[PDB]
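In: sharing the initial chains of the complex here, in place:
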Amino acid sequence: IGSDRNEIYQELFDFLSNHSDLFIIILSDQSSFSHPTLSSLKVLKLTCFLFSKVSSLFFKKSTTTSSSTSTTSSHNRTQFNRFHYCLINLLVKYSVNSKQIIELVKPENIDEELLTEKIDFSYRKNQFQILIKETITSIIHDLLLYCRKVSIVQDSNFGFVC
């Protein structure tokens, strides 16, 4: 029903918004690790998808000006601004440096080393440099869905500038 997808998206909103420092540390991709891995990218692919799904509640819970506690509506909008700049800076990092990231990622498992030897006959690359790249297609895709759901609002009003 019209309830049930918004209920799922509200337990996900209030998850992401209580655990906000962990999700800021994930969504900055401020990686102290001198190589990224395919499993940090597996986690990032899922995190950007969740923010793309919940994006319309991120607009609403930061724009509903209730006639009471100005100290909470400013806080919700400050969390929104932090998450928004992280998600926009990922759309810079993962598009512009896309090729360097595919050339910097390392395997974590013998399954991924056996994809690092093997070529793709369509591409030459190895199969690992394609699984990384198509994980990066996924990161860019739901980041662009987040940007669309934040730039264009209901009744076709404009939202935040991406």
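Out: The structure has been received and is ready for your questions. Numbers count the residues shown, from 1 in each chain, chains lettered A, B, ... in the order given.
In: which residues touch the most centrally placed residue in chain A?
Out: Chain A has residue A:48 as the residue nearest its centroid, 2.1 Å off, counting by Cα atoms, centre = their mean. Each residue near residue A:48 by Cβ atoms under 8 Å, 6 or more residues apart in numbering is listed here: A:27, A:87, A:90, A:138-139, A:142-143, A:146. Using the backbone N, CA and C atoms, a C-beta is placed for each residue, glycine as well.
In: now it. Nearest residue, chain neighbours left out?
Out: residue A:142 (4.8 Å; Cβ to Cβ, 6 or more residues apart in numbering).
In: can you classify the one you found by secondary structure?
Out: Classification of residue A:142 by DSSP: H, G, I helix; E, B strand; the rest coil places it in helix.
In: and what of the one 4 residues further on?
Out: Here residue A:146 is recorded as helix under three-state DSSP.
In: please tell me I have it right and it contacts residue A:59.
Out: No. The pair residue A:146 / residue A:59 is not scored as a contact, 10.5 Å apart, by Cβ atoms under 8 Å.
In: for chain A, just list every one of the helices.
Out: In chain A, helices defined by DSSP state H lie at A:4-18, A:20-27, A:38-60, A:70-96, A:98-102, A:110-117, A:128-151, listed in chain order.
In: so can I have a markdown table of the ones you listed showing distance to residue A:162?
Out: Formatted as a markdown table, the helices of chain A follow (distance: least, Cβ to Cβ, whole Å):
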| stretch | distance to residue A:162 |
| --- | --- |
| helix A:4-18 | 19 |
| helix A:20-27 | 15 |
| helix A:38-60 | 11 |
| helix A:70-96 | 6 |
| helix A:98-102 | 18 |
| helix A:110-117 | 33 |
| helix A:128-151 | 4 |
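In: and of those, who's closest to residue A:161?
Out: Closest to residue A:161 of those is helix A:128-151 (Cβ to Cβ; 7.4 Å).
In: ok and that closest one relative to helix A:110-117, angle-wise?
Out: Angle, helix A:128-151 to helix A:110-117, by axes from the mean of the first three to the mean of the last three Cα atoms, to 10 degrees: 100 degrees.
In: what does helix A:128-151 rub up against?
Out: Contact with helix A:128-151 is made by A:38, A:41-42, A:44-45, A:48-49, A:51-52, A:55-56, A:58-59, A:84, A:87-88, A:90-91, A:94-95, A:98, A:101-103, A:105, A:107, A:112, A:115-116, A:120, A:123, A:125, A:158-162, as judged by Cβ under 8 Å, 6+ apart.
In: extend the structure above with chain B:
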Amino acid sequence: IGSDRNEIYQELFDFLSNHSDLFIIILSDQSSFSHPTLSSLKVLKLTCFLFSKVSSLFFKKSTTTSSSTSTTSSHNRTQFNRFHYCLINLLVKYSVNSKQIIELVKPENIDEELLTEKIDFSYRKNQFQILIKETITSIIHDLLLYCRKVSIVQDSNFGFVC
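Out: With chain B now in place:
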């Protein structure tokens, strides 16, 4: 006088603690710039020195339990915990990866390219790979002074675990 060094250290404490998210971004050294530079290290050498100087106020303003606003003393201690983990993770990054950092830094000026051609007769290295290294001696030294001033308190009581 006994006032005047605490005046200078208080304007520096309340500087570093109001501007906290800028100093967290400096002190994490989560360098998304795919090479570090000597001038980011010039800034980091000064930032670690200021936190080493102010460290004893960072212990006091996070441990003075007044019988009043538990909502502020918990906040001061949360800022302390953020700065402390950054300064400790720098002491990991700059000691263990010390040699790789000297092999990853680039010059920003023709003055520093003219130190990148020139050898040191004592060392072979170039002179730039020594100026980087001795900037890293400086970063490690005042980070170790911070750790000493935070591990060992007045009366020789123990402080925070480094």
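In: any idea how far the residue nearest to the centre of chain A lies from chain B?
Out: Distance of residue A:48 to chain B, given as Cβ to the nearest Cβ, to the nearest Å: 17 Å.
In: now swap in residue A:70 and tell me
Out: 18 Å.
In: burial measure for that residue, as a count.
Out: Using other Cβ atoms under 10 Å in any protein chain shown, the number of residues around residue A:70 comes to 10.
In: now do residue A:110
Out: Residue A:110 sits with 9 neighbouring residues when counted by other Cβ under 10 Å.
In: what sits against it?
Out: For residue A:110, no contacting residues are found, by Cβ atoms under 8 Å, 6 or more residues apart in numbering or on different chains.
In: do the one 5 residues further on as well
Out: Taking Cβ under 8 Å, 6+ apart as the contact definition, residue A:115 lies against A:107, A:126-128, A:131.
In: ok, the residue nearest to the centre of chain A to residue A:136 distance?
Out: Computed as Cβ to Cβ, to the nearest Å, the residue A:48 to residue A:136 distance reads 11 Å.
In: again, but for residue A:41
Out: 7 Å.
In: ditto for residue A:152
Out: Distance, residue A:152 to residue A:136, using Cβ to Cβ: 24 Å.
In: ok, those two, which is more surrounded?
Out: Per other Cβ under 10 Å, whichever of residue A:152 and residue A:136 has more neighbours is residue A:136, with 20 against 11.
In: and that one, how close does it get to residue B:126?
Out: Counting by Cβ to Cβ, the gap between residue A:136 and residue B:126 amounts to 37 Å.
In: residue A:72 now?
Out: Separation of residue A:72 from residue B:126 (Cβ to Cβ): 56 Å.
In: which residues of chain A lie near chain B?
Out: Counting by Cβ under 8 Å from any Cβ of the partner chain, the residues of chain A close to chain B are A:28-32, A:34, A:93, A:97, A:100.
In: residue of chain A nearest chain B, please.
Out: Nearest residue of chain A to chain B: residue A:30, at 3.3 Å (Cβ to the nearest Cβ).
In: neighbours of the residue lying closest to residue A:118 once chain neighbours are set aside, how many?
Out: Spatial nearest neighbour of residue A:118, chain neighbours left out: residue A:127 (4.7 Å); criterion: Cβ to Cβ, 6 or more residues apart in numbering or on different chains. Applying other Cβ under 10 Å, we find 17 residues neighbouring residue A:127.
In: done for today, thanks.
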